[PDB]
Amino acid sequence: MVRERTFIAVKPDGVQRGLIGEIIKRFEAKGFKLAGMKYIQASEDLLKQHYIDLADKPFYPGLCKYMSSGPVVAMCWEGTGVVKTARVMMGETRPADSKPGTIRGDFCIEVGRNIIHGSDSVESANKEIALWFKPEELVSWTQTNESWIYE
C-alpha cells in the first residue's frame, strides 16, 4: 500500500559537515520509509524552479546558486503524515527558532545554512518529487516492520 510522500534534501552545508547519515538515521528511526534517493549537483535552473515561490525575495538568487554549487542528497520519504511530521523533525526555517531535538535545532545556526529542506505541503511535495525524481527512481517495497508501525 502507498502512503503520503514528501521530498527531503540534505543541503550542501549538510553534506559538507558530515550530517548525511545522522539525518537519514533520524528518519529511519522515526519509522518512515525511504522511497527514493539520489546524490547530484543539480542545476541552477532546477533550483530556480524548486524555489519558484520565493523568486521575488532578495535572498533568492544567492539561494539558488548556493543550492547548486555542491552535491545534495535528494530523498523521497513515505509514511502517514510524513510531510508535516518531517517539518516538525526539521525544526523551523530559522535554526534560531528551532528546538533542541530537531535537526536544525541540534546542528546549525543561520537561516541560509540550515542544512536540510522539506516540502511544506502535499501539494509542494508532489511537485518537488516530480521535479527531482523520474517515476522509475521511486522504489516500491514493503518494510517488514510495517505491522509494528501501523495498526
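One rule holds for the numbers: they count along the sequence shown, beginning at 1.
Original post:
Given the B-factors recorded for C-alpha atoms, which segment has the greater mean, 64-72 or 82-90?
Top reply: The entry gives the higher C-alpha B-factor average to 64-72.
Original post:
On average, which has the higher Cα B-factor in the deposited entry, 10-18 or 123-131?
Top reply: Mean C-alpha B-factor is greater for 123-131.
Original post:
At the C-alpha atoms, which of 118, 58, 105, 31 reaches the highest B-factor in this entry?
Top reply: Comparing C-alpha B-factors across 118, 58, 105, 31, the top value belongs to 58.
**OP:** Select lowest, middle or highest to describe the third in which the CA B-factor of residue 54 falls within its chain in this entry.
**Re:** CA B-factor rank for residue 54: highest third.
Original post:
So where's residue 42 on the chain's Cα temperature factor ranking, which third?
Top reply: Within its chain, residue 42 is a highest-third residue by C-alpha B-factor, going by the deposited values.
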